[PDB]
Amino acid sequence: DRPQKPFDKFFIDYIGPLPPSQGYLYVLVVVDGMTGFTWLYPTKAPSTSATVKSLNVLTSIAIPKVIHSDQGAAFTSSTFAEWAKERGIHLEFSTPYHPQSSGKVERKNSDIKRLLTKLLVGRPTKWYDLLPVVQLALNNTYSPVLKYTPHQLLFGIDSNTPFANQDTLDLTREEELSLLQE
Amino acid sequence: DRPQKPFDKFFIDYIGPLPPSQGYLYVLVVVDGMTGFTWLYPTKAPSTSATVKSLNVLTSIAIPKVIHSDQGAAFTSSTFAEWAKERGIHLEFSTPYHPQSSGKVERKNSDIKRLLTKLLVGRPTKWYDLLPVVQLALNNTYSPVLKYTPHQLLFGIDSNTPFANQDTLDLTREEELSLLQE
Amino acid sequence: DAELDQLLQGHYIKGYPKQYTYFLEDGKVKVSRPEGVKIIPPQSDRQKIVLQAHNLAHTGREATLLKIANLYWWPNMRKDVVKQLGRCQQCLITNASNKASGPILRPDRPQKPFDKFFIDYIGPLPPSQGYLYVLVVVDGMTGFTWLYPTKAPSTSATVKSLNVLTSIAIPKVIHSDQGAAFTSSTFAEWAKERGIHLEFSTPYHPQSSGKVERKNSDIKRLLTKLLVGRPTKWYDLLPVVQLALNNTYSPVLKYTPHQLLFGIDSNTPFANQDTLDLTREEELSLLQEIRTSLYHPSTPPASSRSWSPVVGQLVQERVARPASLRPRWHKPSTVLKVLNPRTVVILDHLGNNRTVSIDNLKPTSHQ
Amino acid sequence: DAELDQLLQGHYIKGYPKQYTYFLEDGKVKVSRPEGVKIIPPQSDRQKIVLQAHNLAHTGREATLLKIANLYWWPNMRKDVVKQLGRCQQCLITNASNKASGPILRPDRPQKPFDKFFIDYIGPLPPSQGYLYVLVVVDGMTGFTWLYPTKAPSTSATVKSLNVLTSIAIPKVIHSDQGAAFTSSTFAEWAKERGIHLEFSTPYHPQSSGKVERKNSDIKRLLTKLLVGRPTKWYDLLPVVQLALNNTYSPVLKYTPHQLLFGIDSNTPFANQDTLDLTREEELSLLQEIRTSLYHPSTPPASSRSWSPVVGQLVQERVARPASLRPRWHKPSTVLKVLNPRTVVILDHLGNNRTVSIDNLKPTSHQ
DNA sequence: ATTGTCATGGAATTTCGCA
DNA sequence: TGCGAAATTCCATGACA
DNA sequence: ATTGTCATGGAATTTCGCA
DNA sequence: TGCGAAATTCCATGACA
Ligand SMILES: Nc1c(C(=O)NCc2ccc(F)cc2F)c(=O)n(O)c2ncc(CCS(=O)(=O)c3ccccc3)cc12
Ligand SMILES: Nc1c(C(=O)NCc2ccc(F)cc2F)c(=O)n(O)c2ncc(CCS(=O)(=O)c3ccccc3)cc12
Ligand SMILES: [Mg+2]
Ligand SMILES: [Mg+2]
Ligand SMILES: [Mg+2]
Ligand SMILES: [Mg+2]
Ligand SMILES: [Mg+2]
Ligand SMILES: [Mg+2]
Ligand SMILES: [Zn+2]
Ligand SMILES: [Zn+2]
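Residue numbers (full-length UniProt numbering), protein chains in the order written: chain P, 867 to 1048; chain L, 867 to 1048; chain Z, 760 to 1126; chain W, 760 to 1126.
Shown next as structure tokens:
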């Protein structure tokens, strides 16, 4: 069998609804399966339109062979099926109520949820401007298994933003107070 | 003594007043002494201003060593004396009531008077537009003495407008009828 | 299928080299070449494959081939690629040429004064006494120049000025570019009345009026210097510039334009006195010898990758004032006649006969 | 008088050759040279004579001399002529140079992706969805390009676009010209917050941004082809052009910008499959070898009459947007430091220190 | 049915002044 | 029949929208 | 304190297929 | 160890306002 490579399989999913941030409510998460590299796109809804708009930006940089997702409405629509067929993208779906991807991707989506939650508290309407630094943090995070960051596996070089001071990712006691109040 | 050359001596004089032709009443006549080449400039008056204006056009093409004239007011003014001194032009005057120049120039000024009179009759207000063809006729007229036209002596070549059909220059009997009527 | 069927079982087809093993896999004919395993498509599919590869970014020969070679191999691929590049209309009319024009002609200096005038307009300039333009008239033989200020580059201002000029002498020929003032029927009428032949440059090529264009440079350069530290009141300086340049030596000629026209300096500063003891006829005889013996340049060497036009060749005229994101070249046209190595007649994109400079032509690529 | 008095009676003065007879006539010292009888003016009159001859048409060396030689002769005339040409301010700032710039540098290709971005704006273009401009961002090592449509070439539109871009990675250096969008303090603030060094071209020299300028040509050329026979609706085509050019082979490199950035093609047409059996680490090892071994051009030969700057030399900066009939050059300034053979620091005409390209400099003539 | 041109100042080459 | 310096000629460069 | 670049297609050069 | 043709490399040309 052939070794796993970047652009073989993008894993997509929606996070939301979130509090409004400059008119945006959701985040389309795209994770490359091999490298673990993450792209994040803010959208106003979990619709096919918003997915096609966000993925058109991504697919003007690089096109995946396969897109994997759960059976969410936006991904199972025939409009998204025609969009994928035009670009030669095979669509792949997990069984309903059994979302399965891969250990590296599961742990990556876990990091994204917790990293967002830690920065949502205190400034819950300002996450649109923080999406760039969130991606840089995720993509320059060390991988225990592969022993390389997503940035290193995708580009084959060290980064100019190494996040050496690893964030705790858990919430402090004071951040639980303002989180439980809201 | 040195042989006579073009630009050694311009002979200037005014002809007029003539009937109005596009606001102009006089003609400043400039004849080069050596070649017999003629320039004609229409003016609104026999003034120093009109002389200086017309001769500034000529002296941007070629500057004479000497300008000769009768003791007319425009030529004896101190403004015209200063104009000539700025350009290094020596002014030369004939004695009052004894206008003398040279046989070639006298015969040239005779031709100009008679050639104008012959074309004035019939169309006395249209001599402004005819000044170009009058100059070409005068400057491509054969010289009995030197056996070359003014054009040939000035430029050293044949002309593209040879006036082979020599004009009679005298007035016909019908042209005397319309001339004596006016 | 038919050609590729004999290939699989082992028979020889011309173009396909024998030393490689041609096999079938996943319903497709393949071959194990040193670069890797490539698919051999049938003859009927190849034009579509080349077109698909080319149209990705409308790439030229090698960039298109490198795409096709990632998946496919067949005999003489670049021949099929070049075939499609010559049929792609978008590439022919958008791409640049990579062949320079042939070396410039240096036409003979007119033999006599007033054989050929070169006229052109300078402007618009800063307003001076209400005047914005300058009519420049350069005698081809002598370089002797006349300057006239005008309010517009119009036929009426041109006729006004040339009537004053032609008081001194009529020229045989007047050369000009295809500007509105010179191409009007009113100007052609004015020229025919006086026996003057109107000669016109090829369109969009000021090199052809280069005699007067080069004089425009000296006129502007001297005006600039005289106006340093002053407001640009140039109307009064035109008589001064005209006289100054007409009496300026050309180092290569050793003569001023005034001297070439008259054979003797007038009463200007630093006037030459070498012919003071000669008669005028002796002076005019020396002038005729000077006029014939002037330096004249020759055609320079061609650049290493130049082209010269041939009758029947496909060529493309440059678009004059091309809009944004629009092609810089017209559709291919054919060379009817070669007037000289630098000038040709073509069967225009509209259908007309058009005389053009090869500087505004490229040879259509891929034949 | 004193020097010329001894000359008349027959004594020898240095500079004046003995074999000619120097006599007096009309109160002036003269000499019978082969060209003719010329006046020898005294030392005190000569500077005025050269100035009078020069100022007729502000002529250079030989044209000025030919005027003076009609009347006068004295020892080493051209030395006095060249002396005045170097003191004529109008000629120094108006005349053109006749020395070419030295040969261009070909700076090293950045070693890694995201070491140096080159950014620039295209526009204005025909309105498309209300957008008039395109921000072009070119990675120096790979050539991989990002395109962003904007309504103006502004700092706010630049920051918006680069925040989206830098989501993928932060660059070490961003190179740009001195356009208003990039020179603002708001942009410098944005770059310092992210650890990005702002590098700027020398003014009025787009060659220095040549990496992105050349990419602008390909962007416009492909847009032109795709819009043939259509209205210029280019907003929707920018994603297509971006993807197409990023996956286009450079014939000299044998690689696409995508391949130089990622080391493996994505799911695009005609994708390369040569590294299908390698692991990603084996693939990234081959990529690092490919990045270091790319072709790089060298400095071309200098033209036969080029100049290179020297510390302390008098040079003149080109006027940026010169008005009509105004000089094309600034007053002479001095070369403080030579940063490289093509770039220098000068003591500006205002008094400031200014870093400029030698393409916008001429060496002041006549020392 | 039309076509590049030529001032400029360092450098290269020739001529001058003297022997 | 030869040297050093001055004078002359050569010609690449650039700008005429 | 900074620096030209590179797609393009004929031509020149090298490699291929076969002997 | 050498030929004819195909494949590859060379590189002048021009345009990015
Ligand atoms: N653009 C014109 C130039 C010009 O660009 N000169 C720069 C130049 C560049 C190189 C060179 F070697 C010499 C040179 F002077 C020009 O000089 N003139 O006189 C023009 N006269 C009229 C028009 C109007 C449109 S046209 O269709 O009548 C037309 C277009 C082009 C040329 C002539 C006539 C334009 C121009
Ligand atoms: N004129 C600009 C060009 C241009 O002329 N390109 C043509 C070009 C020519 C030759 C070459 F080799 C490549 C090349 F692209 C340009 O490309 N850019 O991006 C500009 N960007 C901004 C401004 C605004 C005034 S500025 O003072 O900020 C300034 C002036 C000049 C340059 C840069 C910045 C002008 C330009
Ligand atoms: Mg979901
Ligand atoms: Mg009188
Ligand atoms: Mg014109
Ligand atoms: Mg012009
Ligand atoms: Mg710019
Ligand atoms: Mg630019
Ligand atoms: Zn094409
Ligand atoms: Zn000057």
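For every residue, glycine included, the Cβ atom is placed at its ideal position computed from N, Cα and C.
query                                                                                                                                                                 : result
Could you compute how far the alpha carbon of W/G786 sits from the alpha carbon of L/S920?                                                                            : 37 Å
Output, in chain order, the set of chain L residues within a Cβ distance shorter than 8 Å of Z/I1023.                                                                 : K871, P872, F873
Got a sec: is the Cβ-Cβ distance from P/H934 to anything in chain W below 8 Å?                                                                                        : no
Counting only beta-carbon atoms, is Z/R1039 nearer than 8 Å to chain L?                                                                                               : yes
For Z/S1116, which beta-bridge partners are listed by DSSP?                                                                                                           : Z/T1102
Grab the span of the beta strand (DSSP E) containing Z/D898 for me, first residue to last.                                                                            : 892 to 898
Closer than 8 Å, CB to CB, is residue 1127 of chain Z near chain L or not?                                                                                            : Summary: the structure shown does not reach residue 1127 of chain Z, with chain Z confined to residues 760 through 1126, and so no result is reported for it.
What are the boundary residues of the alpha helix (DSSP H) that includes Z/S1124?                                                                                     : Where Z/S1124 is concerned, there is no enclosing alpha helix (DSSP H), given that its DSSP letter is neither H nor E.
Would you call the CB atoms of W/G899 and W/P869 closer than 8 Å?                                                                                                     : yes
Hey, W/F782 and W/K789 are a contact pair by Cβ (cut 8 Å); roughly how many whole angstroms apart?                                                                    : 6 Å
Does the Cβ-Cβ distance between Z/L985 and Z/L996 come in under 8 Å?                                                                                                  : yes
Could you name the residues of chain Z that L/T917 contacts, counting a contact when the two beta carbons are closer than 7 Å?                                        : Those do not exist, as L/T917 stays about 16 Å from chain Z at its closest Cβ, beyond 7 Å.
Mind checking L/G969: buried by the 16 CB within 10 Å criterion, or exposed?                                                                                          : exposed
With a threshold of 6 Å on Cβ separation, who are the neighbours of Z/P962 within its own chain once the five nearest residues in sequence on each side are excluded? : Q937
Measuring alpha carbon to alpha carbon, tell me which residue in Z/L851, Z/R1077, Z/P1122 is nearest Z/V1070.                                                         : Z/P1122
The beta strand (DSSP E) with W/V790 in it runs from where to where?                                                                                                  : 787 to 792
Pull every residue with its beta-carbon under 6 Å away from any heavy atom of ligand 4, and keep them in chain order.                                                 : L/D879, L/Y880, L/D936, L/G938
Only counting the same chain, and skipping five residues up and downstream in sequence, which positions put a Cβ closer than 6 Å to that of Z/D879?                   : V895, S968, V971
Nearest chain W C-beta to Z/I799 closer than 8 Å, yes or no?                                                                                                          : no
Per DSSP, what kind of secondary structure is P/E1048 in: helix, strand or coil?                                                                                      : coil
When you compare each of W/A828, W/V923, W/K951 to W/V932 by their alpha carbons, which one comes out closest?                                                        : W/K951
Using beta carbons (cut-off 8 Å, strictly below), is Z/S926 in contact with chain L?                                                                                  : yes
Measure the C-alpha to C-alpha separation of Z/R980 and W/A816 and round it to an integer number of angstroms.                                                        : 10 Å
Assuming W/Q849 contacts Z/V987 under a Cβ cut-off of 8 Å, what Cβ separation, rounded to an integer in Å, is found between them?                                     : 5 Å
W/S1124 and W/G845: beta carbons closer than 8 Å?                                                                                                                     : yes
Tell me the DSSP secondary structure of L/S915 in three-state form.                                                                                                   : helix
Is any beta-carbon of chain W found at less than 8 Å from that of P/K931?                                                                                             : yes
Is W/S976 close to ligand 8? I mean its beta-carbon at under 7 Å from any heavy atom of the ligand.                                                                   : no
By the criterion of Cβ-Cβ separation under 8 Å, what are the contact partners of W/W993 in chain Z?                                                                   : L1084
Relative to chain W, which residues along the region 979 to 990 of chain Z have a C-beta separation below 7 Å, given in chain order?                                  : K979, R980, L981, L982, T983, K984, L986, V987
Assuming the contact rule is C-beta atoms closer than 8 Å, W/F1021 and Z/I827 should be a hit. Round their C-beta distance to whole Å, please.                        : Actually they do not touch by this definition, with Cβ atoms about 21 Å apart.
Nearest to L/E1048 by CA position, among L/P908, L/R989, L/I881, is which residue?                                                                                    : L/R989
Just checking: is the beta-carbon of W/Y1008 within a distance shorter than 8 Å of some beta-carbon in chain Z?                                                       : yes
Between which two residues does the beta strand (DSSP E) containing L/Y907 stretch?                                                                                   : 904 to 909
Taking only runs that begin and end inside the region 956 to 1002 of chain W, name each unbroken beta strand (DSSP E) of 3 or more residues, in chain order.          : 956 to 959
Could you tell me whether the region 1093 to 1103 of chain W touches the region 1072 to 1079 of chain W, where touching means 3 or more Cβ pairs closer than 8 Å?     : yes
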